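Report on the structure given below.
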Amino acid sequence: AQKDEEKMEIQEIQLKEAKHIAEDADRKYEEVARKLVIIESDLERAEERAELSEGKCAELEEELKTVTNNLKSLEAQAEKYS
Amino acid sequence: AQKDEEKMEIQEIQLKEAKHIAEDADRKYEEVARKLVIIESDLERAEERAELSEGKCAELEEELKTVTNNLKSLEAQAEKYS
Amino acid sequence: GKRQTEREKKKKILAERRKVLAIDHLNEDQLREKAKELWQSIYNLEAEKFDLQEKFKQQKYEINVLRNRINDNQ
Amino acid sequence: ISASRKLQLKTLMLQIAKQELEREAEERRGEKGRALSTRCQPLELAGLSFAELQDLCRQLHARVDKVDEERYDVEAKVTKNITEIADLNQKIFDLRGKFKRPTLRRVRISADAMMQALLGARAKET
Amino acid sequence: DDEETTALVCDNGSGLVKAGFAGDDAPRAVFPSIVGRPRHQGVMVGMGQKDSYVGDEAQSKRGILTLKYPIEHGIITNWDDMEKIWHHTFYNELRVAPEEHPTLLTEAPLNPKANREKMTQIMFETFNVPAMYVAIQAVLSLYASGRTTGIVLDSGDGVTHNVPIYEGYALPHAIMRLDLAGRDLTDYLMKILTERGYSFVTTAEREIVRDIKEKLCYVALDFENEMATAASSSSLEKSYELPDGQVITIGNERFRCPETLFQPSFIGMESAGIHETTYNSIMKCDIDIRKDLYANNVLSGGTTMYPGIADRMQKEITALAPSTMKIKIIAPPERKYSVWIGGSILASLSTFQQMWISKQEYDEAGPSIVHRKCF
Amino acid sequence: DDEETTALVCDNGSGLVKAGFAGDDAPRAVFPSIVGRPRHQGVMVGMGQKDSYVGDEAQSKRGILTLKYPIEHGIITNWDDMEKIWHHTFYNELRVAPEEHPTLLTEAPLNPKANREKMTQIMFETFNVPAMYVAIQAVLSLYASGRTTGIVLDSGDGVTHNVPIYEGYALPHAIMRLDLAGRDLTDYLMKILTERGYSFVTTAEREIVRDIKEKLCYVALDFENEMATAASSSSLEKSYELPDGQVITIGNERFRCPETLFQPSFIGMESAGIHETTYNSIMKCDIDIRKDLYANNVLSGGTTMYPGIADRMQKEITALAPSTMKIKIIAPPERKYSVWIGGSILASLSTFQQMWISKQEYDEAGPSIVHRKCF
Amino acid sequence: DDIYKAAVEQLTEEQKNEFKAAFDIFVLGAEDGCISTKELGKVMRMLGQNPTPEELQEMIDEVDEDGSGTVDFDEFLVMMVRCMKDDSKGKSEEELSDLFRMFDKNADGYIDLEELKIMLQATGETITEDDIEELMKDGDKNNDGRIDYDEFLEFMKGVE
Ligand SMILES: Nc1ncnc2c1ncn2[C@@H]1O[C@H](COP(=O)(O)OP(=O)(O)O)[C@@H](O)[C@H]1O
Ligand SMILES: Nc1ncnc2c1ncn2[C@@H]1O[C@H](COP(=O)(O)OP(=O)(O)O)[C@@H](O)[C@H]1O
Ligand SMILES: [Ca+2]
Ligand SMILES: [Ca+2]
Ligand SMILES: [Ca+2]
Ligand SMILES: [Mg+2]
Ligand SMILES: [Mg+2]
């Protein structure tokens, strides 16, 4: 009987500790999950913005190349015309 | 005494399961936390890249307009020579 | 050639679903019966035409709806 | 508000839709009868000699050929509509779909069954 | 439910048989696929001792049995035992006679033909089903993710295979099947545990080593750093209680057991790890669908449940792949049953309802019908 | 718009189909003319997989298709595919039924008769247009420049032809049609890329090589000096990112691919370059209109968009031509769509409104009406 | 258990207390007259088959607003009885499509707010501002004041 009472007591104490720690961990996980969702949305927006900027930069580079080549050709033509 | 011992056994079983579930929840939480760390790093990288591309685009616009003015001046020159 | 295919199909229709109405030597009773069966055929063709018209109208409306939803895709 | 009233409103809309479909079907039947009265003139060929019967049969044969050409045109247009519908449905499944997989549920909690099986049937619902 | 007829989505697997009716979320009955005859003599009379305990019953009497899996590497090596397993699955775990239900088995890629033909012959002659269909285990796992492209690495317990798919068109020339899987990891763990003193030999103790592997092992993000850390500190040593007491302490055996996946030279296999056979499977594909496959890498199967594998694999592929492409690894939480969920979805489709191998068709062409149009 | 009736200015071309209503500035829908059947097996059920993706849809699924152009060199080699392309163009890219719109196709000079007759027979029987007219692809490009004289070099993607015109009177004995065009340049570029290690073989990768050619290649002003410079410095090596990473670096392949135009001996063709067939086409003309043709040389077509061609060609012709004549090369910025803009202008004219081939005329004389007065 | 609870709602609320007694006959220890937070959490975590907390949160998100799992009596009914599944396949989709075709009177493929009022008048139901505002909020997912066909299907997803 003495042994059984000891075992009952210590088991009950340990069980209470376990349930409380489990609930606390669950709460922490909930908060961390919400933060992760927010950061994921921010990452998606950053990706789309970077894509837009890259497209614009590529277009500008192409147009600049075209215009520069035109300038070079007309430069040489002007010298010969002089 | 035997009945109390039996009840103690049932308590031990339930405590075991509670510990299992608590550790599983702890695992989930820590894994998601490390994932959030990684995702925050990636989002910061995306911000940096997008800002770089924007700066490139502004520079390209300026160069474009400069070269276009040069080309127009050369067009006038060529017309005069013609 | 698929245009040759459609010309062939139309020509076969003109030569398959059409009967030879050379019933001049038939009796007056039998000529009346043939006219009655022709009237039945005309009614059947008109009923098929009306059903086709209603199906075409419903299809056009549903195609307009699907075009609008395609505009709602993006 | 609550949801039972919304369910009642939805069921009323469904019943109104069924009534409208029935009314449109009746209207289609009435228009088919009107078309039969209009296009299909009463044709009585009683007492005519063979020659008039042959002439009228030949004329009806020509008219039937014209109607068959019209029906062929309309059926070709219907096949065109079917092709368009198939293409549009394919495009919708390609674009509006992707994540449009069905949402099935078979994991209902059989709590009431266990309660009714191990505690009699005091529950007057299930 | 009621009238009508539901399909049985069975999934033989190798290590766990998962079954259930089509249209649900999870398999109804999941139980190990082991058939164990008793090995001792037996003195009690009238105890009602059977001659073979199958399924989950032999995981409770395993102390006096000799468990033996009927499926070695995808292929089936012992047809009588497999028939016994199927009979148990139909009659006792689901309690539905097969005479009134279509079945949808699953099979690994690149398996011997005779295995598939014998499977269909059994299903049509012994159990006498109305119609059965055999599907590749990776296409289902791609169904469950709700995608339509992507390269799926289905690391089961028998065999690890890597099927790339684009826009619904499978690429048959890019399937890389490797025979390292969970069972070899269990054997290697059982072999490296002997370095501390714990010897597991009996076929029953293989189950204990499997439990140790499931509960303790994890995949290291960087192998050398972990090997150095575990050799200096003692923050990794996790203990575990055997089925009789005498707790054991696992040191750097924790991340060395599942490391075999990325370095198959540990168990003497020549081939490259699961981190490099995926990249090779991608590079065999055409040059224009490599970006989509890079972005939609899918994980499935049981063995891909190790804590920390979805990061190690991404790091490795990012090291191998060109720097511009984005590498993303889809690791759904329902990884273990992904194949069966996909099987349920496929069996629930209306468009699929005419692809079953109807019994009259089998009667006209024999078991070789499976290789024909009804694949 | 409203009442009235607008004409459809289609332009089959070879490589890009350009279409749009008459009276605008640019074609409404421009898309490659390729029809690609899938080549793999396909395992997903109900994915809605079609049997042939045409137009711009097959440039996105090109990873699992076998694209094949239906027009080889101006002529049409696969009539079913061309009919499919036309059907797509009318119904999905413009969404106007052809029963209520005249059409104005375009055709290269010196093409087989049967091609033109079959084209008109299709347009009148299958699509059932009210009236269609076929015009030579160079006269339109001369319309778009707003000139009335000049010798136009229309270097398309299928065939390069050089039609001289004076005061509106075309000179039929001075048309020099050469079959080197953009497609042969793509093949030659794909063949010389192998000298660095990059091998493109699949019909899908021909599109990637075409993109490389469009974005990087340029025509050298002087060939030998560029060959010497590229062999000493490294200021020319421009890099390009494939559809999956693994950037490539193009060295002196940049100006060697389009140099084939001026030296057709590179791809084994005997004839002289586009710089000398223009001079030969001029010299066949009468002695009194050579000055005007020298002063009004017009460039058109896609392949004449290489950066630096309007100077190389002028230098070459000035070398060939007598020293007194002035050589001027008209290179409008809207070169690619010059033929279609000219087609729109021609279809919008009131004087032209009675030149269409009305359907009753076709019913009376058959498809051979096109060679008759209604040209 | 939506229909069974709805039918038993014809009786008093005290029947709920009796339910608690039955629940206590399983897991005795309840005193508040209802299936409280302790009872609900314990049964959702112990009954042998454990619904995932993700599944519980997703099912609760139909009615639960705070995201915790604690509600009042009638809201508890609406939140909890809706969890179980009664509907099957949501009838036939083509019937819904034909009925929607007959719905849109102006033939544009959209059900506007005016069309919604017309449908309410056709049903003959009492003019109630709260129900009209609820229909306006619900049927309009994209905040344009109108209703589409897929929006109608979502509105009727699971409704007989
Ligand atoms: N949670 C887990 N952690 C680590 N390994 C696991 C886990 N669950 C299962 N496994 C391993 O996966 C195997 C089960 O794989 P499974 O997907 O059932 O194979 P099959 O494809 O034959 O169904 C087991 O043998 C075990 O070794
Ligand atoms: N910007 C460009 N630079 C270089 N080559 C080009 C460019 N655009 C098009 N091309 C070449 O021209 C071809 C398109 O020519 P196009 O005028 O469309 O032919 P068609 O006369 O059949 O319409 C393409 O195949 C490509 O090889
Ligand atoms: Ca709440
Ligand atoms: Ca409306
Ligand atoms: Ca709306
Ligand atoms: Mg498996
Ligand atoms: Mg052209």
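Going by the structure tokens order, chains are called A, B, ..., each with residues numbered from 1, while ligands are numbered from 1 in the order shown.
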Give one line per residue of chain E that approaches chain B to at most 10 Å, naming the two atoms of the closest pair and their distance in Å to one decimal, counting only C-alpha atoms; sort by chain then ascending residue number and deliver it as a tab-separated table.
```
residue	atom	partner	partner_atom	distance
E:307	CA	B:31	CA	8.2
E:308	CA	B:31	CA	8.1
E:311	CA	B:35	CA	9.0
```
Item to check | 9 Å contacts from chain D to chain G using only C-alpha atoms, as an MDAnalysis selection string | outcome: chainID D and resid 1:7 9:18 20:21 24 104:109 111 115 119 122:126
Once chain B is superposed on chain A with a least-squares fit on all C-alpha pairs taken in order, can you show it as a CSV table (one decimal) with N, CA, C and O atoms, in the first residue's frame?
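Contents of out-v1.csv, as written:
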```
chain,number,residue,atom,x,y,z
B,1,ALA,N,-4.5,1.5,1.9
B,1,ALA,CA,-5.2,2.7,1.4
B,1,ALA,C,-4.3,3.9,1.3
B,1,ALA,O,-4.3,4.7,0.4
B,2,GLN,N,-3.5,4.1,2.4
B,2,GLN,CA,-2.6,5.2,2.5
B,2,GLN,C,-1.5,5.1,1.4
B,2,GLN,O,-1.1,6.1,0.8
B,3,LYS,N,-1.0,3.8,1.2
B,3,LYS,CA,0.0,3.6,0.2
B,3,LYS,C,-0.6,4.0,-1.2
B,3,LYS,O,0.1,4.6,-2.1
B,4,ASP,N,-1.8,3.5,-1.5
B,4,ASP,CA,-2.4,3.9,-2.8
B,4,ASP,C,-2.6,5.4,-2.9
B,4,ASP,O,-2.4,5.9,-4.0
B,5,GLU,N,-3.0,6.0,-1.9
B,5,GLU,CA,-3.1,7.5,-1.9
B,5,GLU,C,-1.8,8.2,-2.2
B,5,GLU,O,-1.7,9.1,-3.1
B,6,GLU,N,-0.7,7.7,-1.6
B,6,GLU,CA,0.6,8.2,-1.9
B,6,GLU,C,1.0,8.0,-3.4
B,6,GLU,O,1.5,9.0,-4.1
B,7,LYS,N,0.8,6.8,-3.9
B,7,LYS,CA,1.0,6.6,-5.3
B,7,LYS,C,0.2,7.5,-6.2
B,7,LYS,O,0.7,8.0,-7.2
B,8,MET,N,-1.1,7.7,-5.8
B,8,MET,CA,-1.9,8.6,-6.6
B,8,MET,C,-1.3,10.0,-6.6
B,8,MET,O,-1.4,10.7,-7.6
B,9,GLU,N,-0.8,10.5,-5.5
B,9,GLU,CA,-0.1,11.8,-5.4
B,9,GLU,C,1.0,11.9,-6.4
B,9,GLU,O,1.2,12.9,-7.2
B,10,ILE,N,1.9,10.8,-6.5
B,10,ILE,CA,3.0,10.8,-7.4
B,10,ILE,C,2.5,10.9,-8.8
B,10,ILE,O,3.0,11.7,-9.7
B,11,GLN,N,1.4,10.2,-9.1
B,11,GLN,CA,0.8,10.2,-10.5
B,11,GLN,C,0.3,11.6,-10.8
B,11,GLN,O,0.5,12.1,-11.9
B,12,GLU,N,-0.3,12.3,-9.8
B,12,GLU,CA,-0.8,13.6,-10.1
B,12,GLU,C,0.4,14.6,-10.4
B,12,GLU,O,0.3,15.4,-11.3
B,13,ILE,N,1.5,14.5,-9.7
B,13,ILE,CA,2.6,15.3,-10.0
B,13,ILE,C,3.1,15.1,-11.4
B,13,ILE,O,3.4,16.0,-12.2
B,14,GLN,N,3.3,13.8,-11.8
B,14,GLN,CA,3.8,13.5,-13.1
B,14,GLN,C,2.8,14.0,-14.2
B,14,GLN,O,3.3,14.5,-15.2
B,15,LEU,N,1.5,13.9,-14.0
B,15,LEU,CA,0.6,14.4,-14.9
B,15,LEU,C,0.7,15.9,-15.1
B,15,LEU,O,0.6,16.4,-16.2
B,16,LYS,N,0.9,16.6,-14.0
B,16,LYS,CA,1.1,18.0,-14.1
B,16,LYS,C,2.2,18.4,-15.0
B,16,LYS,O,2.1,19.2,-15.9
B,17,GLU,N,3.4,17.7,-14.8
B,17,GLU,CA,4.5,18.0,-15.6
B,17,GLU,C,4.3,17.7,-17.0
B,17,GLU,O,4.7,18.4,-18.0
B,18,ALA,N,3.6,16.6,-17.3
B,18,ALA,CA,3.3,16.2,-18.7
B,18,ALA,C,2.4,17.3,-19.4
B,18,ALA,O,2.7,17.6,-20.5
B,19,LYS,N,1.4,17.8,-18.7
B,19,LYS,CA,0.6,18.8,-19.2
B,19,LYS,C,1.4,20.1,-19.5
B,19,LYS,O,1.3,20.7,-20.6
B,20,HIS,N,2.3,20.4,-18.6
B,20,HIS,CA,3.2,21.6,-18.9
B,20,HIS,C,4.0,21.4,-20.2
B,20,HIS,O,4.0,22.3,-21.0
B,21,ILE,N,4.7,20.3,-20.3
B,21,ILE,CA,5.5,20.1,-21.5
B,21,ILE,C,4.7,20.1,-22.8
B,21,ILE,O,5.1,20.6,-23.8
B,22,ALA,N,3.5,19.4,-22.7
B,22,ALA,CA,2.6,19.4,-23.9
B,22,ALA,C,2.2,20.8,-24.3
B,22,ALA,O,2.3,21.1,-25.5
B,23,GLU,N,1.9,21.6,-23.3
B,23,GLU,CA,1.5,23.0,-23.7
B,23,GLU,C,2.6,23.8,-24.3
B,23,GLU,O,2.5,24.6,-25.2
B,24,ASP,N,3.8,23.6,-23.7
B,24,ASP,CA,5.0,24.2,-24.3
B,24,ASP,C,5.2,23.8,-25.7
B,24,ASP,O,5.5,24.7,-26.6
B,25,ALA,N,5.1,22.5,-26.0
B,25,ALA,CA,5.3,22.1,-27.4
B,25,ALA,C,4.2,22.7,-28.3
B,25,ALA,O,4.5,23.1,-29.5
B,26,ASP,N,3.0,22.8,-27.8
B,26,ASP,CA,1.9,23.4,-28.6
B,26,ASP,C,2.2,24.8,-28.9
B,26,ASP,O,2.0,25.3,-30.0
B,27,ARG,N,2.7,25.6,-27.9
B,27,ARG,CA,3.1,26.9,-28.1
B,27,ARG,C,4.2,27.1,-29.2
B,27,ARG,O,4.0,27.9,-30.2
B,28,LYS,N,5.2,26.2,-29.2
B,28,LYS,CA,6.2,26.3,-30.2
B,28,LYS,C,5.6,26.0,-31.6
B,28,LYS,O,5.9,26.8,-32.5
B,29,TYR,N,4.8,25.0,-31.7
B,29,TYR,CA,4.2,24.7,-33.0
B,29,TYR,C,3.4,25.8,-33.6
B,29,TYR,O,3.6,26.2,-34.7
B,30,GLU,N,2.5,26.4,-32.8
B,30,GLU,CA,1.6,27.5,-33.3
B,30,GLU,C,2.5,28.7,-33.7
B,30,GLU,O,2.2,29.3,-34.8
B,31,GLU,N,3.5,29.0,-32.9
B,31,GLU,CA,4.3,30.1,-33.2
B,31,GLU,C,5.0,29.9,-34.6
B,31,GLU,O,5.1,30.8,-35.4
B,32,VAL,N,5.6,28.7,-34.7
B,32,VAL,CA,6.3,28.5,-36.0
B,32,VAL,C,5.4,28.5,-37.2
B,32,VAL,O,5.8,28.9,-38.3
B,33,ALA,N,4.1,28.0,-37.0
B,33,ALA,CA,3.2,28.0,-38.1
B,33,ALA,C,2.9,29.4,-38.5
B,33,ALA,O,2.9,29.7,-39.7
B,34,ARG,N,2.6,30.3,-37.6
B,34,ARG,CA,2.4,31.7,-38.0
B,34,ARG,C,3.6,32.3,-38.6
B,34,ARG,O,3.5,33.1,-39.6
B,35,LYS,N,4.8,32.0,-38.2
B,35,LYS,CA,6.1,32.4,-38.8
B,35,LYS,C,6.1,32.0,-40.3
B,35,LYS,O,6.5,32.7,-41.1
B,36,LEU,N,5.8,30.7,-40.5
B,36,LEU,CA,5.7,30.2,-41.9
B,36,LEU,C,4.8,31.0,-42.7
B,36,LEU,O,5.1,31.3,-43.9
B,37,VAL,N,3.6,31.4,-42.2
B,37,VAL,CA,2.7,32.2,-42.9
B,37,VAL,C,3.4,33.5,-43.4
B,37,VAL,O,3.4,33.9,-44.6
B,38,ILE,N,4.0,34.2,-42.4
B,38,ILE,CA,4.7,35.4,-42.7
B,38,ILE,C,5.8,35.2,-43.8
B,38,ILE,O,5.9,36.0,-44.8
B,39,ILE,N,6.6,34.2,-43.7
B,39,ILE,CA,7.7,34.0,-44.6
B,39,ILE,C,7.2,33.6,-46.0
B,39,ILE,O,7.8,34.1,-47.0
B,40,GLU,N,6.1,32.9,-46.1
B,40,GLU,CA,5.5,32.6,-47.4
B,40,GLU,C,5.1,33.9,-48.1
B,40,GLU,O,5.4,34.1,-49.3
B,41,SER,N,4.5,34.8,-47.3
B,41,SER,CA,4.1,36.1,-47.8
B,41,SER,C,5.3,36.8,-48.4
B,41,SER,O,5.3,37.4,-49.5
B,42,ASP,N,6.4,36.9,-47.6
B,42,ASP,CA,7.6,37.6,-48.0
B,42,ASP,C,8.2,37.0,-49.3
B,42,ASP,O,8.7,37.7,-50.1
B,43,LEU,N,8.3,35.7,-49.3
B,43,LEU,CA,8.8,35.0,-50.5
B,43,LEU,C,8.0,35.4,-51.8
B,43,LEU,O,8.6,35.6,-52.8
B,44,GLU,N,6.7,35.4,-51.6
B,44,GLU,CA,5.9,35.8,-52.8
B,44,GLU,C,6.2,37.2,-53.2
B,44,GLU,O,6.3,37.5,-54.4
B,45,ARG,N,6.4,38.1,-52.3
B,45,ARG,CA,6.7,39.5,-52.6
B,45,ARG,C,8.1,39.5,-53.4
B,45,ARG,O,8.2,40.3,-54.3
B,46,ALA,N,9.0,38.7,-52.9
B,46,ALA,CA,10.3,38.7,-53.6
B,46,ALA,C,10.2,38.2,-55.0
B,46,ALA,O,10.9,38.8,-55.9
B,47,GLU,N,9.4,37.2,-55.2
B,47,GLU,CA,9.2,36.7,-56.6
B,47,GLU,C,8.7,37.8,-57.5
B,47,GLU,O,9.2,38.0,-58.6
B,48,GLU,N,7.6,38.5,-57.0
B,48,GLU,CA,7.0,39.6,-57.7
B,48,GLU,C,8.1,40.6,-58.1
B,48,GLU,O,8.2,41.1,-59.3
B,49,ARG,N,8.9,41.1,-57.1
B,49,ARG,CA,9.8,42.1,-57.4
B,49,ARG,C,10.9,41.7,-58.4
B,49,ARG,O,11.2,42.5,-59.3
B,50,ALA,N,11.4,40.5,-58.3
B,50,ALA,CA,12.4,40.0,-59.2
B,50,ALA,C,11.8,39.9,-60.6
B,50,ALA,O,12.5,40.3,-61.6
B,51,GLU,N,10.6,39.5,-60.8
B,51,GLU,CA,10.0,39.4,-62.2
B,51,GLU,C,9.9,40.8,-62.7
B,51,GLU,O,10.1,41.1,-63.9
B,52,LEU,N,9.4,41.8,-61.9
B,52,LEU,CA,9.3,43.2,-62.3
B,52,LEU,C,10.7,43.7,-62.8
B,52,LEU,O,10.8,44.3,-63.9
B,53,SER,N,11.7,43.4,-62.1
B,53,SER,CA,13.1,43.9,-62.4
B,53,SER,C,13.5,43.3,-63.8
B,53,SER,O,14.2,44.0,-64.6
B,54,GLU,N,13.2,42.0,-64.0
B,54,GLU,CA,13.6,41.4,-65.2
B,54,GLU,C,12.9,42.0,-66.4
B,54,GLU,O,13.5,42.3,-67.5
B,55,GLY,N,11.6,42.3,-66.3
B,55,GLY,CA,10.9,43.0,-67.3
B,55,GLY,C,11.5,44.4,-67.6
B,55,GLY,O,11.7,44.7,-68.8
B,56,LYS,N,11.9,45.1,-66.6
B,56,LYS,CA,12.5,46.4,-66.8
B,56,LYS,C,13.8,46.2,-67.6
B,56,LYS,O,14.1,47.0,-68.5
B,57,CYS,N,14.6,45.2,-67.2
B,57,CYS,CA,15.9,45.0,-67.9
B,57,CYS,C,15.7,44.7,-69.4
B,57,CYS,O,16.4,45.2,-70.2
B,58,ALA,N,14.7,43.8,-69.7
B,58,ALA,CA,14.5,43.6,-71.2
B,58,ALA,C,14.1,44.8,-71.9
B,58,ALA,O,14.6,45.1,-73.0
B,59,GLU,N,13.2,45.6,-71.3
B,59,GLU,CA,12.8,46.9,-72.0
B,59,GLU,C,14.0,47.8,-72.2
B,59,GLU,O,14.2,48.5,-73.2
B,60,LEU,N,14.9,47.9,-71.2
B,60,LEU,CA,16.1,48.7,-71.2
B,60,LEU,C,17.0,48.3,-72.4
B,60,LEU,O,17.6,49.1,-73.1
B,61,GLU,N,17.2,47.0,-72.5
B,61,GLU,CA,18.0,46.4,-73.6
B,61,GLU,C,17.5,46.9,-75.0
B,61,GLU,O,18.2,47.4,-75.8
B,62,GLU,N,16.1,46.8,-75.2
B,62,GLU,CA,15.6,47.2,-76.4
B,62,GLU,C,15.8,48.7,-76.7
B,62,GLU,O,16.2,49.1,-77.8
B,63,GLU,N,15.5,49.5,-75.7
B,63,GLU,CA,15.7,51.0,-75.9
B,63,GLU,C,17.2,51.3,-76.2
B,63,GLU,O,17.5,52.1,-77.1
B,64,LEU,N,18.1,50.6,-75.5
B,64,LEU,CA,19.5,50.8,-75.8
B,64,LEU,C,19.9,50.6,-77.2
B,64,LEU,O,20.5,51.4,-77.9
B,65,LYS,N,19.4,49.4,-77.8
B,65,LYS,CA,19.8,49.1,-79.2
B,65,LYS,C,19.2,50.1,-80.1
B,65,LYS,O,19.8,50.5,-81.1
B,66,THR,N,17.9,50.5,-79.9
B,66,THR,CA,17.3,51.5,-80.7
B,66,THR,C,18.1,52.8,-80.8
B,66,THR,O,18.4,53.3,-81.9
B,67,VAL,N,18.5,53.3,-79.6
B,67,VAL,CA,19.2,54.6,-79.5
B,67,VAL,C,20.6,54.4,-80.2
B,67,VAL,O,21.0,55.4,-80.8
B,68,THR,N,21.2,53.3,-80.0
B,68,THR,CA,22.5,53.1,-80.6
B,68,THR,C,22.4,53.1,-82.1
B,68,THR,O,23.3,53.8,-82.8
B,69,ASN,N,21.4,52.5,-82.7
B,69,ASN,CA,21.3,52.6,-84.2
B,69,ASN,C,21.0,54.0,-84.6
B,69,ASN,O,21.6,54.5,-85.6
B,70,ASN,N,20.2,54.8,-83.9
B,70,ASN,CA,20.0,56.2,-84.2
B,70,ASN,C,21.3,56.9,-84.2
B,70,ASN,O,21.6,57.7,-85.1
B,71,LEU,N,22.2,56.7,-83.1
B,71,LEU,CA,23.4,57.4,-83.0
B,71,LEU,C,24.4,57.1,-84.2
B,71,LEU,O,25.0,58.0,-84.7
B,72,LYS,N,24.4,55.8,-84.6
B,72,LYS,CA,25.2,55.4,-85.8
B,72,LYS,C,24.8,56.1,-87.0
B,72,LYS,O,25.6,56.7,-87.8
B,73,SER,N,23.5,56.2,-87.3
B,73,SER,CA,23.0,56.9,-88.4
B,73,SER,C,23.4,58.4,-88.4
B,73,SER,O,23.8,59.0,-89.4
B,74,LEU,N,23.3,59.0,-87.2
B,74,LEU,CA,23.7,60.4,-87.1
B,74,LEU,C,25.2,60.6,-87.3
B,74,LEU,O,25.6,61.6,-87.9
B,75,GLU,N,26.0,59.6,-86.9
B,75,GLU,CA,27.4,59.7,-87.2
B,75,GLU,C,27.7,59.7,-88.7
B,75,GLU,O,28.5,60.5,-89.1
B,76,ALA,N,27.0,58.9,-89.4
B,76,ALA,CA,27.2,58.9,-90.9
B,76,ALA,C,26.8,60.2,-91.4
B,76,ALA,O,27.5,60.8,-92.3
B,77,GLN,N,25.7,60.7,-91.0
B,77,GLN,CA,25.2,62.0,-91.5
B,77,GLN,C,26.2,63.1,-91.2
B,77,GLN,O,26.5,63.9,-92.1
B,78,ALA,N,26.8,63.2,-90.0
B,78,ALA,CA,27.8,64.2,-89.7
B,78,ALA,C,29.0,64.1,-90.5
B,78,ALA,O,29.6,65.1,-90.9
B,79,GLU,N,29.5,62.8,-90.8
B,79,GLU,CA,30.6,62.6,-91.7
B,79,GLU,C,30.4,63.2,-93.0
B,79,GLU,O,31.2,63.9,-93.6
B,80,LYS,N,29.2,62.9,-93.6
B,80,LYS,CA,28.9,63.5,-94.9
B,80,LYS,C,28.9,65.0,-94.9
B,80,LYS,O,29.5,65.6,-95.8
B,81,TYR,N,28.3,65.6,-93.9
B,81,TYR,CA,28.3,67.1,-93.8
B,81,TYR,C,29.7,67.6,-93.7
B,81,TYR,O,30.0,68.7,-94.3
B,82,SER,N,30.6,66.9,-92.9
B,82,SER,CA,31.9,67.4,-92.8
B,82,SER,C,32.7,67.4,-94.1
B,82,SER,O,33.4,68.4,-94.4
```
Item to check | Separation of atom CA of residue 1 of chain E from atom CA of residue 131 of chain E, in Å and rounded to one decimal | outcome: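 Computing the Euclidean distance for atom CA of residue 1 of chain E and atom CA of residue 131 of chain E yields 20.8 Å.
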Neighbouring residues of segment 84-97 of chain F were defined as those with any atom within 7 Å, considering only C-alpha atoms; residues of the same chain fewer than 4 positions away were excluded. Please report them as a short mmCIF file (atom, residue, chain, number, x, y, z; two decimals) with N, CA and C atoms, in the first residue's frame.
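Saved to part-v5.cif:
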```cif
data_model
loop_
_atom_site.label_atom_id
_atom_site.label_comp_id
_atom_site.auth_asym_id
_atom_site.auth_seq_id
_atom_site.Cartn_x
_atom_site.Cartn_y
_atom_site.Cartn_z
N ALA F 29 -3.29 39.99 -84.26
CA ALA F 29 -2.78 38.78 -83.62
C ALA F 29 -1.61 38.24 -84.42
N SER F 33 3.41 29.95 -86.63
CA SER F 33 2.59 29.00 -87.38
C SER F 33 3.21 27.62 -87.24
N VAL F 54 -1.95 24.39 -81.66
CA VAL F 54 -1.51 25.21 -82.77
C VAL F 54 -1.22 26.61 -82.27
N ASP F 80 -3.62 19.88 -94.54
CA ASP F 80 -4.48 19.75 -93.37
C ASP F 80 -4.03 20.66 -92.24
#
```
Checklist entry - For the atom pair atom CA of residue 252 of chain E and atom 21 (O, counted along the ligand's line) of ligand 1, what is the interatomic distance in Å to one decimal place? => result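 About the pair atom CA of residue 252 of chain E and atom 21 (O, counted along the ligand's line) of ligand 1: they are 27.3 Å apart.
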Item to check | Protein and nucleic residues near ligand 3, 6 Å, only C-alpha atoms and all ligand atoms, as a ChimeraX atom specification | outcome: /G:64-71
Residue subset to file, keeping C-alpha atoms, as a CSV table (one decimal), in the first residue's frame:
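Output saved as again.csv:
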```
chain,number,residue,atom,x,y,z
G,64,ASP,CA,-15.9,30.2,-35.2
G,65,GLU,CA,-14.6,33.8,-35.4
G,66,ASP,CA,-12.1,34.1,-32.5
G,67,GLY,CA,-10.2,31.0,-33.5
G,68,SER,CA,-10.2,29.5,-30.0
G,69,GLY,CA,-13.0,27.0,-29.8
G,70,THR,CA,-15.3,28.6,-27.2
G,71,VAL,CA,-18.8,29.8,-28.1
```
